[PDB]
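Take a look at the structure set out below.
4 protein chains.
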Amino acid sequence: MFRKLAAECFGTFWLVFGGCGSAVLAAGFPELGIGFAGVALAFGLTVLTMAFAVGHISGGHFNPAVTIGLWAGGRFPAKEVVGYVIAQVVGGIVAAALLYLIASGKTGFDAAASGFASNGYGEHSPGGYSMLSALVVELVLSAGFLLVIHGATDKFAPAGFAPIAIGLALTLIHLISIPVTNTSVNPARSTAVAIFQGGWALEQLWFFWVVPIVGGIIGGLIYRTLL
Amino acid sequence: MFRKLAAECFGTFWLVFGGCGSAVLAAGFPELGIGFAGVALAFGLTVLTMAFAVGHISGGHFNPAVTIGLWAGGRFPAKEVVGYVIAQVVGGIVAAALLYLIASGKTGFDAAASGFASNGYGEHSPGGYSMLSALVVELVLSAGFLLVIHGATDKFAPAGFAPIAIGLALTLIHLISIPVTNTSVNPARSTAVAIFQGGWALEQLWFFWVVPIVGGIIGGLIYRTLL
Amino acid sequence: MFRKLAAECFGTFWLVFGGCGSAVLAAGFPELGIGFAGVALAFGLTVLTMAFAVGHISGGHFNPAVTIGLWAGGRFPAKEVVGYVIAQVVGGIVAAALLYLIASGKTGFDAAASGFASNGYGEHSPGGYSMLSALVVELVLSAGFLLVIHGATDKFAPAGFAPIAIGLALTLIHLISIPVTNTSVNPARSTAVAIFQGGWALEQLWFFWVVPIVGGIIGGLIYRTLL
Amino acid sequence: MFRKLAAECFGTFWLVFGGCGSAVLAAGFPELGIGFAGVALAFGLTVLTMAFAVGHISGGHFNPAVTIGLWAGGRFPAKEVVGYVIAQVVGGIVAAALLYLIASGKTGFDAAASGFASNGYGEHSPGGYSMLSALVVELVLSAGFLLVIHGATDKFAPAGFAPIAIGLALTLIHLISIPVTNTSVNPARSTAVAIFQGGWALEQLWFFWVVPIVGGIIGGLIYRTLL
Ligand SMILES: CCOP(=O)(O)O[C@@H]1[C@@H](O)[C@H](O)C(COP(=O)(O)OCC2O[C@@H](O)[C@H](OP(=O)(O)OCC)[C@@H](O)[C@@H]2O)O[C@H]1O
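Set out below in structure tokens:
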């Protein structure tokens, strides 16, 4: 079990660190920044790379909504669920913790305002998208993400390619909804950075818990049911 | 059969949502938009990801030109073609629907004006290209795309890699022809967003439903015949 | 050996069409251009996609220096050499032709002047490098290209991945040279477009035959001797 | 064992020449420059391609920290450690040497003033990050990298996908840190270009030997201990 939890912690820690890291440290860098499309890749890679390395230990979740989604899909044990979620959330915090430290080594940093790569909606959305839009897009993408995970993990799917699917799947998702909610689909990755924003990010933090979980559950049931 | 239909439906939905969705949400974002290459990647990824996820169910077409292209080349049962094509068009439209709703959360959005990521040519070509150009490009790419599909699915090609190839083929295609026609090579995709543009998008819609399927068949036959 | 040459022809076409195509049409589009890196991806993506498609038919060369190289390496029969190359150069020119036609569709185009994605050195070096620099870099990336081809195809290399390895390999090479010579490392491609330039493109072309093919040999022997 | 050393040597050469190449030759370049994101992909690719190519000959380290890290993970014999490092460092220097020659071809170039893609911190950090911040990323991303390298190569991990995991993992590392330290995480890479800076680059060179090797060893101990 430990292995499983450690796998899930470093996994997520890696997700956040690389994800919000590129987000914070390189995304809008003066002239050579990696923009949204860079951050999009980054995130996916944290999952593509971590899935290979430790996926074979836990399940390569690194996401609460993926742990809960795989559950509603009949793939994951309801017993081990909670642990997995804590582990993911803990790893994420430890990540944003260092990230924050690292980000401070530069003049002008500020977790608040900058948002510390926190997710939000309306007035707190990158594009200024309505909460509703943030709801619709998060849902579809969360559902679709589990829909792809269950598919790439289905015993009839090209074995060993799963990580690539799931990985790049997250890159896709980002390329899509950054302007809306700065992309979440992961209540662990959203909590981690909110903690260090400690403002609106924490107020809307709930949103990025219910919404992703619900959608992942739909994605799971959609696969368990219609396949 | 239903699975095969649901698979193709969700698959296309993913395609229109991810591809068109990124183009209508992030491609032109201020200082961090993903640009064309951004969109190109995303598009190919919807395919690469669903190609793995549900590829092992419906064969992973998601494109009416791909299905008919396979039939032509002699790999898909003519007795199933129309079933897939419906599922796909329906899927794509559901996507365009949600995308439409989502894009409206940001003040100042206008489907018709903006183009809702529809395909066109001349006066409607992103780079303002002739129709002759739109015709040649879409044709060649469509063919090549189908040939790549046939060759990648040949019993002698590396097993399981297909999805990586076919998806990256579509990214390659979008990197080459977004300035021209905004890259279609998919009737169901073109239809979905066009409907929400109402105007000229539907006015040239036929173009991206004849040219694309023609090329797909030429490509299919190219391989079935010569290899 | 028809099937082989057919493949070797369509492939090269897809290469010159997708690479130079992306260069001339997208690359520097008003404000969403795929840029140098976009091209770089595209170029590689052509080889990655065709290797999977017809690689299982002709060995997926699509490059004179990759055939001469495989020969020097001792993987390709000297017999089938001249045949491949012919096909490779042919298919390329047919692509550059169609591209030319497509490129002329936009008001303002001009094959000469713009350069039509041809390769050159100094006065014709994208960044205006010396011929010496042009030489050294074309030499290192040719040899390296082959060493990676030979290796990724050694009976002891991860089977089925070669296409990815060689494809992304080309991308890497384009990410590096571009500013120097627009990245050749393929006598076939350099020719195709040089023809339609009809100016210096042809004048310096000789350079883009001897240098890549010499390098391709260096690499062949390199891996064939020391591994 | 000469093959293994030749393998590690060309590998690393391909690494420095490829990454530092794209870096000092393309990242900047006018309106098309590949910037950090391009440079990031590049480096990753050099590893990915060479990993498939000669990875089956030496284990594909191309990084002193990655060789010493593996050693700590109980995956590499200490006897061969010192040999590998010499190979890698020599291969790197040779790359910087030519790359130096190539960049010098363009009018107006000063390896010194330009930095020549050297790693540094504080006054020499691209984004002006403090040494503490430098220390932290470098450390984390090194232990992380080495960790991913272990899991991807675990007997229970997906066979053959390692080179994709690792190489892509390095691209990630670069997406997150370039602003900070310009991303070393490889003592052989740092050394190579420093030599041709010959000012501050060498001045801080030590830091990029101890930090990434400490990180790399911790990484492995983590996998050795917690798997
Ligand atoms: C099962 C869970 O496994 P983990 O997810 O926890 O991950 C491992 C760490 O265990 C290993 O020590 C390192 C090097 O990193 P170092 O761990 O931070 O420790 C050495 C060290 O001493 C602290 O007191 C400083 O504290 P703060 O985070 O409180 O500062 C906040 C502003 C810290 O910055 C410094 O790096 O790399 C991590 O990824």
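For the protein sequence lines, the chains are A, B, C and D, in the order given. Just remember that my numbering sits 93 ahead of the position in the first sequence, which is counted from 1. Just remember that my numbering sits 93 ahead of the position in the second sequence, which is counted from 1. Just remember that my numbering sits 93 ahead of the position in the third sequence, which is counted from 1. Just remember that my numbering sits 93 ahead of the position in the fourth sequence, which is counted from 1. We treat Cβ as the ideally placed atom computed from N, Cα and C, and that holds for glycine.
Q: With DSSP collapsed to three states, give me the class of D/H154.
A: Here the question's residue 154 of chain D lines up with position 61 in the fourth sequence. Three-state DSSP puts D/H154 in coil, outside helix and strand.
**Q.** Residue from B/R168, B/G184 and B/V304 whose Cα sits closest to the Cα of B/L234
**A.** Taking the first residue of the second sequence as 1, we reach residue 234 of chain B at position 141. If we check each option's Cα against that of B/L234, B/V304 comes out closest.
(Q) Rounded to the nearest angstrom, what separates B/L192 and A/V230 at their Cα positions? (A) Position 99 of the second sequence, counting from 1, holds the residue named residue 192 of chain B. Position 137 of the first sequence, counting from 1, holds the residue named residue 230 of chain A. In a straight line, the C-alpha of B/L192 is about 8 Å away from that of A/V230.
Q | Other residues of its chain near A/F209: CB distance less than 6 Å, five sequence neighbours each side excluded | A | If you number the first sequence from 1, residue 209 of chain A lands on position 116. Counting only Cβ-Cβ distances below 6 Å, and skipping sequence neighbours, we find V286, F289 and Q290.
Q: Can you give me, in chain order, the residues of the segment 151-178 of chain C that have a beta carbon less than 7 Å from any beta carbon in chain B?
A: none
(Q) With H, G and I counted as helix, E and B as strand and the rest as coil, what does DSSP make of D/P170? (A) By 1-based counting over the fourth sequence, the position of residue 170 of chain D is 77. Coil.
Q. Within 10 angstroms of its Cβ, does A/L194 collect 16 or more other Cβ (buried), or is it exposed?
A. Along the first sequence, one-based indexing puts residue 194 of chain A at 101. A/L194 is exposed by the Cβ-count criterion.
(Q) Below 8 Å on C-beta distance, what does A/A120 contact in chain B? (A) To locate residue 120 of chain A, count along the first sequence from 1; it is residue 27. Near A/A120 (Cβ distances below 8 Å), the residues of chain B are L125.
Q: Check B/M94 in the structure and name its three-state DSSP category.
A: One-based indexing of the second sequence puts residue 94 of chain B at position 1. DSSP places B/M94 in coil when its eight states are reduced to three.
Q. Is the distance from the Cβ of D/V109 to the Cβ of D/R282 below 8 Å?
A. Here residue 109 of chain D refers to the residue found at position 16 when the fourth sequence is read from its first residue. Here residue 282 of chain D refers to the residue found at position 189 when the fourth sequence is read from its first residue. Yes, Cβ-Cβ distance for D/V109 and D/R282 is below 8 Å.
Q. If the cut is a Cβ gap below 8 Å, which residues of chain A does B/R96 touch?
A. By 1-based counting over the second sequence, the position of residue 96 of chain B is 3. Within 8 Å Cβ-Cβ: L319 and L320.
Q. Under 8 Å between C-beta atoms, does C/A250 make it to chain D?
A. The residue labelled residue 250 of chain C in the question sits at position 157 within the third sequence. At least one chain D Cβ lies under 8 Å of C/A250.
Q: Could you tell me whether any non-hydrogen atom of ligand 1 is closer than 7 Å to the CB of D/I311?
A: Working through the fourth sequence from its first residue, we reach residue 311 of chain D at position 218. Result yes, Cβ under 7 Å from ligand 1.
Q) At what residue ranges does the segment 257-302 of chain D contain a whole run of the beta strand (DSSP E), taking only runs of 3 or more? A) none
Q.
Cutting at 8 Å between CB atoms, please list the residues of its own chain near residue 75 of chain B, excluding the five before and the five after it.
A. Residue 75 of chain B falls outside the range modelled here, since chain B spans only 94 to 320, and no answer is possible.
Q) Is C/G253 near ligand 1, judged by its Cβ being under 7 Å from some heavy atom? A) Locating residue 253 of chain C in the third sequence gives position 160, counting from the first residue. Every heavy atom of ligand 1 is 7 Å or more from the Cβ of C/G253, so no.
Q) Shortest alpha-carbon distance to C/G152 belongs to which of C/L314, C/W107 and C/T246? A) The residue given as residue 152 of chain C occupies position 59 in the third sequence. Comparing Cα positions, the closest option is C/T246.
(Q) So, for B/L268: in the same chain, excluding its five sequence neighbours on each side, which residues have a beta-carbon less than 8 Å away from its beta-carbon? (A) Numbered from its first residue, the second sequence carries residue 268 of chain B at position 175. Same-chain partners within the cutoff: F129, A130 and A133.
Q) Any C-beta of chain D sitting closer than 8 Å to the C-beta of C/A245? A) Along the third sequence, read from residue 1 onward, the residue named residue 245 of chain C stands at position 152. For C/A245, the answer is yes, since a Cβ of chain D falls inside 8 Å of its Cβ.
Q. Which residues in chain B sit within 7 Å of A/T264, going by Cβ to Cβ distance?
A. By one-based count along the first sequence, residue 264 of chain A stands at place 171. Listed along chain B are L138, each with a C-beta nearer than 7 Å to that of A/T264.
(Q) Taking 8 Å as the cut-off, does the segment 211-222 of chain D touch the segment 176-190 of chain D (at least 3 CB pairs, one atom from each stretch)? (A) When Cβ pairs closer than 8 Å are counted between the two stretches, the segment 176-190 of chain D is seen not to touch the segment 211-222 of chain D, the count staying below three.
Q) Between C/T284 and C/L298, is the Cβ-Cβ spacing less than 8 Å? A) In the third sequence, the residue the question calls residue 284 of chain C occupies position 191. In the third sequence, the residue the question calls residue 298 of chain C occupies position 205. Yes.
Q | Identity of the residue in D/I310, D/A196 and D/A227 nearest C/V273 by Cα | A | Locating residue 273 of chain C in the third sequence gives position 180, counting from the first residue. When only C-alpha atoms are compared, the closest one is D/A196.
Q. Using the C-alpha atoms, what's the distance from A/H154 back to B/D203?
A. Counting from 1 along the second sequence, the entry for residue 203 of chain B is found at position 110. Counting from 1 along the first sequence, the entry for residue 154 of chain A is found at position 61. Straight-line spacing of the CA atoms in B/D203 and A/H154 works out to 38 Å.
Q | Continuous alpha helix (DSSP H) assignments of at least 4 residues falling wholly in the segment 166-213 of chain A | A | 174-197 and 204-207
Q) Within this structure, are the beta carbons of A/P256 and B/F145 separated by less than 8 Å? A) Here residue 256 of chain A is taken as the residue at index 163 of the first sequence, counted from 1. Here residue 145 of chain B is taken as the residue at index 52 of the second sequence, counted from 1. No, these two residues do not count as a Cβ contact at 8 Å.
Q | B/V307 beta carbon near ligand 1 (any heavy atom closer than 7 Å) | A | Residue 307 of chain B sits at position 214 when you count from the first residue of the second sequence. B/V307 Cβ: outside cutoff for every heavy atom of ligand 1.
Q | Distance cut-off 7 Å: C/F289 Cβ against heavy atoms of ligand 1 | A | Counted from its first residue, the third sequence places residue 289 of chain C at position 196. C/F289 has its Cβ no nearer than 7 Å to any heavy atom of ligand 1.
Q) Which bits of chain D does A/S115 rub up against, with CB to CB less than 7 Å? A) Here residue 115 of chain A refers to the residue found at position 22 of the first sequence. Going along chain D in sequence order, the residues near A/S115 (Cβ under 7 Å) are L268 and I269.
(Q) Using only CA atoms, which one of C/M143, C/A262, C/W107 and C/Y316 lies nearest to C/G185? (A) The residue labelled residue 185 of chain C in the question sits at position 92 within the third sequence. Residue C/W107 is the option with its Cα nearest to C/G185.
Q. Any beta-carbon of chain B closer than 8 Å to the one on C/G253?
A. Mapped onto the third sequence, residue 253 of chain C falls at position 160. So yes, C/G253 belongs to the interface.
Q) Expressed to the nearest angstrom, what Euclidean distance is found between the alpha-carbon atoms of D/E296 and C/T142? A) What you label residue 296 of chain D is simply residue 203 of the fourth sequence in a count that begins at 1. What you label residue 142 of chain C is simply residue 49 of the third sequence in a count that begins at 1. C-alpha separation (whole angstroms): 45 Å.
Q.
Let me check understanding here. Comparing Cα to Cα, which of B/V182, B/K97 and B/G166 lies closest to B/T105?
A. Taking the second sequence and counting its residues from 1, the one referred to as residue 105 of chain B is at position 12. Here the closest residue by C-alpha is B/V182.
Q. Are any of the Cβ atoms in chain C nearer than 8 Å to that of D/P305?
A. Here residue 305 of chain D corresponds to residue number 212 of the fourth sequence, with the count starting at 1. Cβ-Cβ to chain C under 8 Å: no for D/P305.
Q) So the alpha helix (DSSP H) A/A120 belongs to, where does it begin and stop? A) Counted from its first residue, the first sequence places residue 120 of chain A at position 27. From DSSP, A/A120 is part of no alpha helix (DSSP H); its letter is neither H nor E.
Q) Does DSSP classify A/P251 as helix, strand or coil? A) Counting from one through the first sequence, the residue named residue 251 of chain A turns up at place 158. Coil at A/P251, not helix or strand.
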